[PDB]
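> Provided hereafter are the protein sequence and its experimental coordinates.
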Amino acid sequence: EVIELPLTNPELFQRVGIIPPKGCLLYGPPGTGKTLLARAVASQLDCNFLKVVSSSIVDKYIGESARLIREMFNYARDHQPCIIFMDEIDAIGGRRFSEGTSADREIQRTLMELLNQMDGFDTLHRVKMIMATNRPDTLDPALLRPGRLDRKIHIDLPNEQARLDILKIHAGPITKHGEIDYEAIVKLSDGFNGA
Amino acid sequence: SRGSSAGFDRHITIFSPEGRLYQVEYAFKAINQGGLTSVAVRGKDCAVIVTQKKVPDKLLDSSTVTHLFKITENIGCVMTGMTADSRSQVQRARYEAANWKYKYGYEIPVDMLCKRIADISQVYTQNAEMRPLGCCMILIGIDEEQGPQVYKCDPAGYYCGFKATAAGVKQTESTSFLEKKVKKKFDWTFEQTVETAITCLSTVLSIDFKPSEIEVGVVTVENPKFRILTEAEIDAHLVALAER
Amino acid sequence: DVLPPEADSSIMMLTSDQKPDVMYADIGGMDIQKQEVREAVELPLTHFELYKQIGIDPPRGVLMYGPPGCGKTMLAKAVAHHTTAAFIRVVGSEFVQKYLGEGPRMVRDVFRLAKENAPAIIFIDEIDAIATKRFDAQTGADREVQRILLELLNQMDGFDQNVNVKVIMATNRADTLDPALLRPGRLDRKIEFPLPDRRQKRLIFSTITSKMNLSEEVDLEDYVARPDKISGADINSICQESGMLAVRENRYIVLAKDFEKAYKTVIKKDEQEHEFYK
Amino acid sequence: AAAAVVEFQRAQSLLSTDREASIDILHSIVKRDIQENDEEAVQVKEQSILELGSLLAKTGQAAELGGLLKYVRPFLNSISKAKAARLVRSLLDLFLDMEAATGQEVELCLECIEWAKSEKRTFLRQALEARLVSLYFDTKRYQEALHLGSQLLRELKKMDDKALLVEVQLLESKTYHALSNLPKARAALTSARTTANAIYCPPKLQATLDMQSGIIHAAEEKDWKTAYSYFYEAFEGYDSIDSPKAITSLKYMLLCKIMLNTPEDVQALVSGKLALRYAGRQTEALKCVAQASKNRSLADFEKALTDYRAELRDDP
Amino acid sequence: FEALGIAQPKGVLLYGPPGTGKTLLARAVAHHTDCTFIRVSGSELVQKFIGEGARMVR
Amino acid sequence: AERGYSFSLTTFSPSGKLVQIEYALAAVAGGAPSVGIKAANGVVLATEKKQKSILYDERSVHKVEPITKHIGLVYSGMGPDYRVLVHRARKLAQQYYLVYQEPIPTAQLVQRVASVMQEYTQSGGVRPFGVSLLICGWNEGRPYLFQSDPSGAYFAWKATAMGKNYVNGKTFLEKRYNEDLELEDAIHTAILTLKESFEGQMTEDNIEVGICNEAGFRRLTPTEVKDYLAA
Amino acid sequence: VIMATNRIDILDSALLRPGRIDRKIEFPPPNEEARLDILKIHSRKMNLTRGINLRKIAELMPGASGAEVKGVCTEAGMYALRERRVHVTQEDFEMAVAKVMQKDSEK
Ligand SMILES: Nc1ncnc2c1ncn2[C@@H]1O[C@H](COP(=O)(O)OP(=O)(O)O)[C@@H](O)[C@H]1O
Ligand SMILES: Nc1ncnc2c1ncn2[C@@H]1O[C@H](COP(=O)(O)OP(=O)(O)O)[C@@H](O)[C@H]1O
Ligand SMILES: Nc1ncnc2c1ncn2[C@@H]1O[C@H](COP(=O)(O)OP(=O)(O)O)[C@@H](O)[C@H]1O
């Protein structure tokens, strides 16, 4: 709703008086089904999803991470609508300091480069952004904030239901004599993630 | 400040430079380690307790897994947190009630039981040799004049009366739900209370329970003896929820 | 020959059609600050005769900081909207390039262009990317920045007192900023952007809910009473959040829950602390 | 006791009027279960509140005036001290909020003014003063306030009460201005500006503190520009607030435009939502006088001196 | 002070409220003293200019 | 099996400070604010009893507690510790009454309580209490208002404030309050100085007030607090 | 080396061995006179009209420094600048007092 609709069914969004969503960030225990969501989204939606593992963006050439980000939003800015999907932001995710190595300064800027684009003056249009992380405890205050990230999307460890629900999905392609102990497996299976 | 530490203020129960007690906070964290959630709702003429009954294995006598305890024939409690600590605190509560009746010649009020237990845990908070208990007790019972009562005590020494409360993993969410559903002002009958509590837990966990996945304690004005509902009557309450 | 006023800065005057748009309207409940910038640039920039005669000494650069969402980037959009001079939007994250001199070459440009345009607003969103004090000459990356600072520094005070060019720098972490920046001359007026309170919120709420329609019975008052301390920005996640809930079920205009959800959807910071500590 | 009230309230809340209901209201006070009437009197007050505005719906607040002494003794034998402050503040207030004889107000006010002392909670004694000084200004007698306020200057400062000091400075300043003294009155307004800055503001009060300055900026003719900036804001206040005084400032806000010779900004002032919410004799006037000017005609202005003087005659 | 037989001084201290006029007394004298008046704080900018980093404050 | 740590946890720093005491005071200056005014014919204590929700029953725990029939208490800081001190103060009061068959003087109860607080800065194995107490009393015609801090030191006040923003509250009291005040006016200025911080619509269940005149100490009913909160 | 900080109680001991900070001089807060003087110096910068009693201003002042006063003056001008008036009467200053003592009372 936040992401797909505000594109093919935003023409009436203004009829409520609300700009399309801004950004969405998964954030959950390692294995809650985050990385599998970006895949499912770009597979179904299909439009212009550009995935950035937020790691291979870093180089070493002064502002080599500023140009990558500029081109990312530029390409997209022109090419929009486009989905921006960043895998693990904890990299550029950062948090700032006071301070750290002369290296950290590079990331920050770079960490800021995006922040200034997501908001700043020129107003993102059509092009939307999915933020990815495991552990959101690390992120900069100035990033989580609306105008940058709209609403955070939590993905908790599947319930006994969610387990069972997911359990019959991965074990569905297995040769199993009329003895499938789904209610037993799921039961003992607690705190167990999706993988 | 804002997270500052000095000396042993994160190991024993002494003051941090910003005036915190870190071991107590850690005890609160220890409550959630059980991975359970309990809901307590006070009615016009009753009090209801409800709790997940996680019996992960059929190799366990499912009758011996209970977080509901009889403190007195007319005072019930539900424990949330570290199991063995919970039982310790239950024994202490039992003793304090019995002793109260023996010295004062009337039945202990939940208010004073909770206050007593709390008072005991504050000592753990203030003495260095021992560590707080990683548990949380919620007491219910009918007082002679104040009507139905639900109280709750913490690992630090805090205790309070409630219209409705919860403890454990989904505490904040259950409080949000309940504080939404209390403002609506409805005739809090018995079934209204039971349904409210059960649905609070159910929606908070998104489960829709079997009658063997939860346990429901109760106390009424018409029947003040703390009664633990059989699986049958629980189910009777369950099927009535898939009607409206 | 002497190339007339040119070069990157990097764009050049924004143009006109690229207006920040955000009209003074949207930006509400910010008199002091609002007035402050107005008092810092808008007015001082225009009426110069009372700055010299009335013995006022106008300021050269203005610093904007505070929490992240209290509304500084809006303040620049508003100024570039009503404005009249030449609003240069140069990001401090662009100055450092893959070249050994590009940075100064720009500053000499933006500053060069500023002189040429007219009473122009140079605006630097997030000067952190340039000025972060704790420099380190050796990494061969710091060297480039420091100078960029020195560049900013040199052309920062090099003007003439007459050069009608104001400097507007926005940053939340108003801390990792070499004091060399905040010195009477380079960055005089220092302005703060609080995370609203009660009244302000009312203006922020009323202004946010004034863009849509909504149930006229309801009263975003209940919410304003609360503390939470929601920033001017977050209050926006709610207004938008309500639409998602009101639109997800199809229905022009919102409901109680639409805000309730928003309040529970935005605030988030439910717990926080403990009840014994007080 | 309770038998009547709620049922009577349920009867009252229905329709008819307080006056019929007064037979119950008066009876509420007159009755019934002789609780004390403790809570009843509070609810009898609930009438005497309504019943007061119902008293006003007829003019017995003069009745209740004398009874106000009795009600005192009546809460005195049932209503605690505090209970009086609230009960004794719902009569002197709701009574002043209505247009009637100055005396009965002054008479009663003065009464209860002196009552606070005989009881002795200087806190209310000062609060009631604001009304006593304000009423002495509108009523007629000016020299009266002069002494009252000049005695009240240290009555709020001792505690540093801040908004009451401004009120007396604002409110009292007006008395001086009318007494034909813009120097002193002016000086009084200036003093308030400095005092008002020390503390919060807050809203309405701040509007008087503005408009009033707009007034002084037009009392001696000192650029209708500096005054206009007070009228505009001071209009904004009453606008997004009680909206009772806002209707007043719109007038002066337009005055500056009429003098400045800009009927364009007057067109700007007449736009529906902003004020037009008032459409009446306040806008029609200044509009007709404005474009009447643009025509640079005198015949026209003369006729707008004629037909719309119903307000113009009532001004200072 | 040499003529009196007393080791002249080198170091001074100024202590009080913050913002009453201490730097001035250090600047004004220094100004009125025709002596280079230096302001050594801890800015990395300053070290890169004056001192090529070196390793201390000598 | 168990004994007790026998060594002091509160020890002198090289500067000569008892660091744990100042950190305990830091815990006090983080609790809900409380104001106390001695007013010629009586004493007023008030405090912010602000909950976290609508679920907590505010008619169940109180912060303004009676010690005897003529002495009352409020606190700033940690709750449980306050509870302990209140029990102990009631006990001390009753010891005194057994022995002298005369209700304990407010100064003496303050002394005794303070001694208890000082013990936990010198006995072994413990932290100091994280509580400041305001103790009001009526004895010998005059009214009495004392404060005791975690060090075990006590001071007599005409008026004072503790907890969050206690400095601004204190200044406000220094200005907007003076002698010859009747208890009613004192209640007024107390709720007034509490409002200088209460972030909320100060209701009749958001604050707790107690009085102490020469008719005994008592807690003001929610009704009475509503009446007083109606200005 | 002039090393001029605040609260001598902050500086270490090794920096106090009686001989090592030749002349230890201390700054006093600024009273009516000093302020008055300071007040006259800063107000001299801007265009100040007649009928301006500065003393009255420092009297209202209570706990300011060498910088604070500067803020007051500036605002006085700042206030007059907004009033569209080149000069700066006494009233203005009397406001700035608060406006600064607003800040003086603020953070
Ligand atoms: N809800 C789920 N349904 C099916 N498979 C899942 C689910 N969650 C996790 N998995 C398994 O784990 C993988 C997804 O891991 P992922 O969510 O990317 O972890 P992380 O969040 O640490 O990146 C999938 O390839 C799948 O095999
Ligand atoms: N009083 C207000 N009026 C209008 N918008 C506001 C107000 N307060 C907050 N906002 C909203 O919050 C956002 C503020 O963004 P901004 O302050 O630029 O963040 P940053 O400091 O990270 O650039 C804007 O989108 C603005 O609409
Ligand atoms: N005695 C004084 N007379 C006039 N101005 C002063 C005085 N003391 C300080 N100031 C003002 O303070 C500013 C410099 O403050 P300074 O004293 O250097 O800071 P600090 O208080 O940290 O020493 C100057 O602009 C000056 O106007």
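Here it is on my side, so go on. Numbering: from 1, shown residues only, chains lettered A, B, ... in the order given. Ligands and ions are numbered 1, 2, ... in the order given.

> Can you pull up the most central residue in chain G?
Central residue of chain G (C-alpha atoms, centre = their mean): residue G:69, 2.8 Å from the mean position.

> Over to chain E?
By C-alpha atoms, centre = their mean, chain E has its centre lying nearest to residue E:38, at 5.4 Å.

> List phi and psi for that residue.
Main-chain dihedrals, residue E:38, degrees, to the nearest 10: phi -110, psi 150.

> shouldn't residue D:56 be in contact with residue D:96?
No. Between residue D:56 and residue D:96 there is no contact under C-beta atoms under 8 Å: 10.9 Å. (C-beta placed from N, C-alpha, C; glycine too.)

> Going along the chain, name the helices of chain E.
Using DSSP state H, the helices of chain E run over E:23-32, E:44-49.

> Of those helices, which is nearest residue F:177?
helix E:23-32 (41.3 Å; C-beta to C-beta).

> Give me the helices and strands touching the closest one, please.
The helices and strands touching helix E:23-32, judged by 3 or more C-beta pairs under 8 Å, 6 or more residues apart in numbering or on different chains; DSSP states H and E, are strand G:2-5.

> Which elements pack onto the strand it packs on?
Contacts defined by 3+ C-beta pairs under 8 Å, 6+ apart place strand G:2-5 against strand E:12-15, helix E:23-32.

> Present the ones you listed as a markdown table; the columns should include distance to residue F:156 and mean neighbour count.
As requested, the helices and strands packed on strand G:2-5 are exported to a markdown table (distance: least, C-beta to C-beta, whole Å; neighbours: other C-beta atoms under 10 Å in any protein chain shown):
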| stretch | distance to residue F:156 | mean neighbour count |
| --- | --- | --- |
| strand E:12-15 | 35 | 19 |
| helix E:23-32 | 45 | 14 |
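
> Dump those into JSON lines; add distance to residue D:108 as well.
Shown next, in JSON lines, are the helices and strands packed on strand G:2-5 (distance: least, C-beta to C-beta, whole Å):
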{"stretch": "strand E:12-15", "distance to residue D:108": "63"}
{"stretch": "helix E:23-32", "distance to residue D:108": "64"}
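
> and residue D:30, how many residues sit next to it?
Here the number of neighbours of residue D:30 (other C-beta atoms under 10 Å in any protein chain shown) works out to 12.

> Any residues of chain A in contact with ligand 1? List them.
Contact residues, chain A versus ligand 1 (C-beta under 6 Å from any ligand atom): A:30-36, A:134, A:158, A:166, A:169-170, A:194-195.

> Tell me which of those fall in strands.
With strands defined by DSSP state E, no entry of the residues of chain A next to ligand 1 lies inside them.

> Tell me which two in those are the farthest apart.
The distance between the two most remote of these (C-beta to C-beta) is 22.4 Å, for A:134 and A:169.

> how about the strands in chain F?
According to DSSP E, the strands that chain F contains are F:34-38, F:43-48, F:65-66, F:71-77, F:131-138, F:143-148, F:154-156, F:159-162, F:207-213, F:216-219.

> In chain F, what residue spans correspond to helices?
Secondary structure of chain F by DSSP H: the helices cover F:19-28, F:79-100, F:106-119, F:166-175, F:183-194, F:222-228.

> How about the fourth one and chain G, touching?
Looking back up the chat, that one is helix F:166-175. No. Judged by C-beta under 8 Å from any C-beta of the partner chain, helix F:166-175 stays clear of chain G, getting no closer than 9.1 Å.

> list the buried ones in that helix?
Within helix F:166-175, the residues that count as buried by 16 or more other C-beta atoms under 10 Å in any protein chain shown are F:166, F:169-170, F:172-173.

> how about those in TSV, adding distance to chain E?
Compiled in TSV, the buried residues of helix F:166-175 are given as follows (distance: C-beta to the nearest C-beta, whole Å):
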residue	distance to chain E
F:166	24
F:169	25
F:170	22
F:172	24
F:173	26
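
> Quickly name whichever of the residues you listed is closest to chain D.
The closest of the buried residues of helix F:166-175 to chain D turns out to be residue F:172 (C-beta to the nearest C-beta; 8.2 Å).

> so that closest one touches residue F:197, yeah?
No. Using C-beta under 8 Å, residue F:172 is not in contact with residue F:197; the gap is 9.7 Å.

> all helices for the chain, in order.
All of this is about chain A. When secondary structure is read from DSSP H, chain A shows helices at A:5-8, A:35-44, A:64-79, A:90-93, A:104-118, A:141-144, A:160-170, A:182-188.

> try again with chain G
Counting by DSSP H, the helices of chain G are G:32-42, G:54-60, G:68-82, G:90-104.
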